[PDB]
Amino acid sequence: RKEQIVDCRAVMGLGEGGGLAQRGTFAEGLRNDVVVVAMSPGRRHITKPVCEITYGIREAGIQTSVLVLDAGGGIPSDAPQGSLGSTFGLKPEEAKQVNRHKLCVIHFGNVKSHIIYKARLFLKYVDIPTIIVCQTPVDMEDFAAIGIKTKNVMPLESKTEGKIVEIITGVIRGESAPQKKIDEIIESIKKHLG
Amino acid sequence: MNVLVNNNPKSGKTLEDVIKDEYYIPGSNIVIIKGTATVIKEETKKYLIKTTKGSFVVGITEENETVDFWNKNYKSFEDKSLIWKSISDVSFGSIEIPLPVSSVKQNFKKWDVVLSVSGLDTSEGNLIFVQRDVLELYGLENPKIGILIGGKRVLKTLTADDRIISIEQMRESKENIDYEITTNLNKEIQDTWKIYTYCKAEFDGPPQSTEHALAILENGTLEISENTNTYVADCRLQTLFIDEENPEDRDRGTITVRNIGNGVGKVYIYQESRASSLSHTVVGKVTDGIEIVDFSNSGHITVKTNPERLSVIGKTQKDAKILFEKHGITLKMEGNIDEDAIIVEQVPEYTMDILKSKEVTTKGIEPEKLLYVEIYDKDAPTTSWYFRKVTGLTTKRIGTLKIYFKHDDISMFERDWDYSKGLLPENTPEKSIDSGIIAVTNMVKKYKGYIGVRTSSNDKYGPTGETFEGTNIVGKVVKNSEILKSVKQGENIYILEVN
Amino acid sequence: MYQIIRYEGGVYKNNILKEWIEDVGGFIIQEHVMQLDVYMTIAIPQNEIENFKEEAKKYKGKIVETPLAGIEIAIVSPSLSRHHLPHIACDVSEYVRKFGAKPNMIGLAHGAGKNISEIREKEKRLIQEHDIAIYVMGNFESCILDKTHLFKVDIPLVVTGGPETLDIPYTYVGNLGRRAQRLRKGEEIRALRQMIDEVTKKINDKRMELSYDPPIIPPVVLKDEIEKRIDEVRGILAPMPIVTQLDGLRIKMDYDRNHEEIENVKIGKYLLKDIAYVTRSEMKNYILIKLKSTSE
């Protein structure tokens, strides 16, 4: 039980009856322990799967920061045969804001082939241990098949400087996350933070 | 009749008469000022006072209706002694306050002007200058009229004996300046009318930016291309680069040159005291006669620069000699020494450098070595502008072309990869190109911006080795020739526009 | 003299408008580009309001009048848990952001409960470091009435609560309690507008009180001077690296490594240490600046 102060963003949200967060914005929780990364300020990512994880971390006693990615939708351009639909990417300032935290929690989606290259590009610039929160069951070996550092399944040629420390499956975008998933996230953060 | 002119009064009814003496390049504007109005407006949302214990500054905040009362009834509260200074704060009056004294009590804050009708008796309405945050204590719809902050101690020290005497306000005052802008001369003057003719510019800054500003004001007139409430700008040289930072305050009548962005090279004159900017290079100041800039919104203003521009490139050698000896500058000769030798280069070429060093090295050229060119400005405006920028004719009277590549009949000149942006195909040949034609390759070809000329004629290729669709004709060499065949690669030839 | 507004236009030819703002002496306080539109909080002189409006309508931009874009607000939620954080508190914070203010979420350590509630002195001083504080309380009359000691600061105060009318000796805005939904109904929007009106009135009164005895230098041009002199201000990863307060600034650097650089800044012909109170901030060991007036 201690005081928890958040440096709020400087930009207003999406209109009047819309989301409260804005794309490409960072909200510092003073003391930098856990940063929660959201792909977009839309209803698929904000307050249904992300702010719930955020309040679970804040209820566990760990100060939390929420960063909304500027371009979090789609696949990176280094995916096979280029990108389609939209291009996923990370800004250097976003990577610097993530890298000052002890741990990262990132929320991914459905398709297995999208998540692996998204995590590879994210960990090409992020060097802290991150927890991947997705919906479909991805095994923590398919990331090593494309060269991602990983606690249990290392690659021979590691193309990332950050390590996936836990995969948590069963969190749907735009839906209320149950207490059991929050408890798994809290236990993983406590076991891999101190 | 007897009117005041500048600082030395004249009388001549018609402007011409008084402006005859006043130095003025014809074409500029005339600023007349009439006088001052001195309108006194005071609303005193914050009210003053003149008590027998000093003067505090009240300030209406809560409109309610106590404000509506105070509005004019504070004058009825004038010369009213302090009624009580008890736990119910300091109170004054007490005058008639018809405000419906609603029993409903209200909360008030420390030092909040309150007109609580004391005892709920209209005529006993007390001016309770609140001292401590009193909660539900006074009746009335809402005694809170304003908040006391200024002179807090005055109302604290104020004792029963002391009255508010002259309840002051704020004597709010304003000023208006009459201006009319003119450019007639045959008009009648009534009496005591002031006329300003020109402004004086003092230059002190980095040499390149100051030279840019001097080139802008070489003719003594400053065009007004943009006008705001804070500055006026000139856009004669808006695509010329400078790399000099002089980031100090843009005070009243400051002359700056924008050194970066879309408007790099614009010359600003500031009519308001503003903060320093990294994108503005101050080149000097306007010493006296700011009002001509202040009241001019468009047109021309006659500007006199205190340091004369010491750049003699279009003159003869004796003119440079006499002009530099009249400034007391030591001189030495370099190239052609003839009294009529045309100067081509001077070291240093900047007025500030010359003045700080007190010596000039002047280089002349042979009469037959100078190349004479004619530039098509109406035919190819963008290409001619690019050619003037690259060769330097925008600033001096003699431009320099550097030989880049040479082969028999062809001689190609160097390009500037900073001005060759909008080189759309402008003046493309239709028939075979004749000899002695200067041309620039447009953006169609890979080597865009390269200038060249050939001494022969062909029906297929332009003066730069490109086809006709990739070449726009900018000008031609008119008089001097047979020097393009005897100039090596890397050597500079000098040109003079003859229109 | 420096009216602060928000510009909402496109990124196309936005640099030319920024050059015009710099030419007329304006300062860009905040810039954010989402995809193709840019939100720009600009402080321009009051004599250029109509010229900037004509310039903005040339680029099909929008001028939004923001009455709170010179202050910072502390929003004091009792905790950062699921009860108060993910709704109401962000709704209040984003509505405050919509009118230009820079908010900070203050989660109390022991702000929950009816009789077990307490407020620490460190949290107290962090609240006093802001210009105005907004308390987001619950929806029971007796609970908040037995919780007055939380609102004990010498700062302007607006208390938001569930009951329509409360008998506390502070400014109170009703119909904003603890909820679990996004504030979107008409009564909720009306109550948010009411809270905005009360904080606007308090900020205007404090602005008049400051205008009775003006400071030596306005905070906006002081922030501009600090960004011009200090070159480490562009390396700050915080949301707002320099927060413009009502009578000062909050520079988000380490106090121990940067206070001697901040104090030895020459503005005009004055040093900053003789004209401002450079002190350590309770918020993440930052630098807090409090301006002196012309009386001293």
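Conventions used here
Residues numbered from 1 in each chain as written, not as in the entry; some residues may be left out. Chains lettered and ligands numbered in written order. Part of a larger assembly, values for the part shown. Heavy atoms only, no water. Contact = heavy atoms within 4.5 Å. Buried area = accessible area lost by both parts, 1.4 Å probe. Salt bridge = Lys/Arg side-chain N within 4 Å of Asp/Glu carboxyl O. Helix = DSSP H or I, 4+ residues; strand = E, 2+ residues; numbered from the N terminus. Nonpolar A, V, L, I, M, F, W, Y, C, P; charged D, E, K, R; others polar. Pairing = 2+ DSSP bridges. Buried < 20%, exposed > 50% of the residue type's maximum accessible area, 1.4 Å probe, protein only. 1 Å grid on protein atoms, 1.4 Å probe; cavity = no way out; pocket = protein on both sides within 12 Å on 5 of 7 lines; lining within 4 Å. Points joined across faces, edges and corners; volume = space filled by probe spheres on them. Polar contact = N/O pair within 3.5 Å; in protein donor to acceptor, adjacent residues only side chain to side chain.

Its PDB record attributes the structure to cryo-EM, giving the resolution as 2.14 Å.

The interface is formed by 37 residues belonging to chain A together with 40 residues belonging to chain C. Note on chain A versus chain C: buried area summed over both sides is about 3500 Å², and carbon and sulfur give 57% of it. For the pair chain A and chain C, the number of links is four salt bridges. A salt bridge links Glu59 of chain A to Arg82 of chain C; its shortest N-O distance comes to 2.9 Å. If you list the elements that add at least two residues to the side of chain A that touches chain C, you get β1 (4-7), β2 (25-27), α1 (51-59) and α2 (92-99) of chain A. The greatest single-element share of the side of chain A that touches chain C, amounting to four residues, is contributed by β1 of chain A. Classifying every residue of the side of chain A that touches chain C by side-chain character gives eleven nonpolar, twelve polar and 14 charged. Looking at chain direction, β1 of chain A and strand β6 (residues 102-107) of chain C are connected through four bridges and run antiparallel. Counterpart to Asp7 of chain A in the pairing with β6 of chain C is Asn104 of chain C.

With that settled, the discussion passes to the pattern of salt bridges. Under the definition given, this model contains 53 salt bridges over all chains. Linking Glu54 of chain C and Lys57 of chain C is a salt bridge whose minimum nitrogen-to-oxygen distance equals 2.8 Å. Of this pair, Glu54 of chain C and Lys57 of chain C both sit in helix α2 (residues 49-58), three residues apart, which is roughly one turn of that helix. Relative accessible area serves as the criterion here: at 51%, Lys57 of chain C is assigned to the exposed category. One salt bridge in this structure joins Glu282 of chain C and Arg125 of chain C, with 3.1 Å as the shortest N-O distance. Placement of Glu282 of chain C in the loop between β14 (276-280) and β15 (287-291) and of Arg125 of chain C in helix α4 (residues 121-128) is noted, with a sequence separation of 157 residues between them. With a relative accessible area of 27%, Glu282 of chain C lands in the partly exposed category. The class for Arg125 of chain C is partly exposed, based on a relative accessible area of 38%. In this structure, a network of salt bridges that share partners links the residues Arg258 of chain B together with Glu19, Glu22 and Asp23 of chain C.

All names here are of chain C. For the largest pocket, the calculated volume is near 1800 Å³. The leading source of residues in the lining of the largest pocket is helix α6 (residues 186-212), at eight residues. The residue makeup of the lining of the largest pocket, split by class, is 16 nonpolar, ten polar and 23 charged. For the second largest pocket, the lining is made up of 45 residues, of which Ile28, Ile29, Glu31, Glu227 and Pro241 are closest to its centre.

Time to look at the interface of chain C and chain B. Each side of the interface is counted separately: chain C has 23 residues, and chain B has 31 residues. Between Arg258 of chain B and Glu22 of chain C there is a salt bridge whose closest N-O contact spans 3.9 Å. Summed over the shared surface of chain C and chain B, the number is 17 residue pairs in polar contact. Counting only elements with at least two residues in the side of chain C that touches chain B, the list comes to α1 (14-23), α2, α6 and α7 (219-229) of chain C. Among the residues making up the side of chain C that touches chain B, the classes are represented as ten nonpolar, four polar and nine charged.

Turning next to empty space enclosed by the protein. Quantified by volume, the largest cavity comes out at close to 350 Å³. Around the largest cavity, the lining comprises 19 residues; the ones closest to its centre are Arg9, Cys51 and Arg58 of chain A together with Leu85 and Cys90 of chain C. For the lining of the largest cavity, the secondary structure elements donating two or more residues are α1 of chain A together with α3 (85-98) of chain C. When residues of the lining of the largest cavity are assigned to their parent elements, the largest contribution, six residues, is made by α3 of chain C. Of the residues assigned to the lining of the largest cavity, the class counts are 13 nonpolar, three polar and three charged.

Residue and element names in this part refer to chain B. When you line up the elements, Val440 lands in strand β24 (residues 437-441). Taking C-alpha positions, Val440 is 12 Å from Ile375, a pair spaced 65 residues apart along the chain. In this structure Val440 touches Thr383, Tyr386, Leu423, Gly449, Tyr450, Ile451, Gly470, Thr471, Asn472 and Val474, once residues within four positions along its chain are discounted.

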